[PDB]
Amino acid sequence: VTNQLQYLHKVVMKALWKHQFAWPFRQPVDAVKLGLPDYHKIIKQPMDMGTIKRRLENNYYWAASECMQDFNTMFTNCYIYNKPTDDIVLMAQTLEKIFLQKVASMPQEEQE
């Protein structure tokens, strides 16, 4: 497995998964459960930490950059769809700041 995907699993996902703001992102947006009949109109590429976490457990990723894009798509989905004033937006912002400051310490290069 890659040095960088190992960092993404054990440092980034470990931090973000147990975070007190993580729960709205731990599973796919369920448009029916949440009452969002336009969600899949607006968000064409849904993403969530459950999917990323399993994808790290199943070595589905080839490069770290593609794990990073899933994280980024997840947060971007949230800012695009939700209202500027929704608490979910500031939860995503808080989680994204951690993702970014962890990524600033990720190795370079590749392995495996």
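Numbers for residues come from their place in the sequence shown, where the first is 1. Note that the rigid core is defined as the largest set of C-alphas that superpose within 1.5 Å between two forms.
After a core fit, the C-alpha atoms in 7 other deposited structures of this protein lie farther on average from the shown form in one of 100-108 and 19-27, namely 100-108. In this entry, 5-13 has the higher mean Cα B-factor, the comparison being between 5-13 and 96-104.
55-63 and 80-88 differ in mean CA B-factor, and the higher of the two is recorded for 55-63. Comparing the listed residues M68, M74, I43, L36, the entry records the largest Cα B-factor for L36.
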